[PDB]
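As a starting point, one isolated chain is supplied in structure tokens, in the form deposited in one PDB entry.
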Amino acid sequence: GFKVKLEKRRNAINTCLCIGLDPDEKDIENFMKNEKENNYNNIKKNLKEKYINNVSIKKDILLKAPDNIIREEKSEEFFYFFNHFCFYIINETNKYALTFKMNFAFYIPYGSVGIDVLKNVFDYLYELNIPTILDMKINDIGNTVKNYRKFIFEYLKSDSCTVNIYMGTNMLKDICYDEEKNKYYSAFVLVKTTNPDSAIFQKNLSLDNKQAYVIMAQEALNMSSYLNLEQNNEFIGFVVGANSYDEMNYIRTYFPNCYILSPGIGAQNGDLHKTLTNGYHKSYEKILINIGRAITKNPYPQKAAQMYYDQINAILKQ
């Protein structure tokens, strides 16, 4: 189960850093141009790694020397460099990551080619046995929602995803549970988001002088109990933005042992000390700190990841 998988890695590497892998078009251009100019140093390092032989889509193209890809198969150049950029980031930073979070939006805008990269990326992480999150923030009626669950948990074999339950909590019956296989899956529900204008609905809406993000949080756990997730070492957790300090603390108390996923530090202006302190828990896999572009876009991603790794671990010593 996901809680067992999270806990074991946390003991292995003693952090709660969640590394975000959201590659955009310029990241792929820059990666392709740097490798071309520096003798494809990082791609040749990728082709030495163990588990690249265990990806299921277009291994024939992925494993051939880069000199060939330019001159030979011009069609598949983008696929090749897109996939190798993701492998490069994973190879460079994974020792520091408790989990990896891939945002689906970044892998769909080119058509099927990016979903092939997404599949290989999740295949890669599964073989490294690193916990994964798919940031897809899915939402629909029950019958439709089943398709997301197949994609996320059967096809990609992801450990968790993000969910927007604004249309109704019952959708989690067809996300976090599969009656036909008697299987249970973990999800993070959107509670407090880092949009600058997120207060308009999450705070300025109310029931019984309770703000909406609290009502939504409590609905999420009531469904978790009904689905019996925790007994099967799965959970429904919360996405709480790094800047929402008051709510972060409001959540951690009164939901003492809930799992929190927090984005916002780095590219979106943050206070790492204050975010991690308000969300803190002994089992600090319950307070995941997502860092994306601050690592993916840094010229030395290994060094950027280590920096946040050491920063987080220093704060935890309290």
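Only residues modelled in both forms are compared. Between two forms, the rigid core is the largest collection of C-alphas that superpose within 1.5 Å. Counting begins at 1, following the sequence as shown.
Here the subject shifts to the form deposited in another entry, a form of this protein not shown in this document.
In the overlay on the core between the shown form and the other one, a shift of 2 Å or more in CA position is seen for a single residue of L62, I260, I43, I69, which is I69.
The Cα position of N290 differs by less than 2 Å between the shown form and the other one after fitting on the rigid core. With the core superposed, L276 shows a C-alpha displacement of at least 2 Å between the shown form and the other one. Look at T277 and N94: in the other form their Cα atoms come 3 Å or more closer than in this form. Inter-residue distance, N278 to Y309 (Cα): reduced by at least 3 Å in the other form versus the depicted form. In sequence order, the regions between the shown form and the other one where at least three consecutive C-alphas each move 2 angstroms or more after rigid core superposition are 67-72, 275-279.
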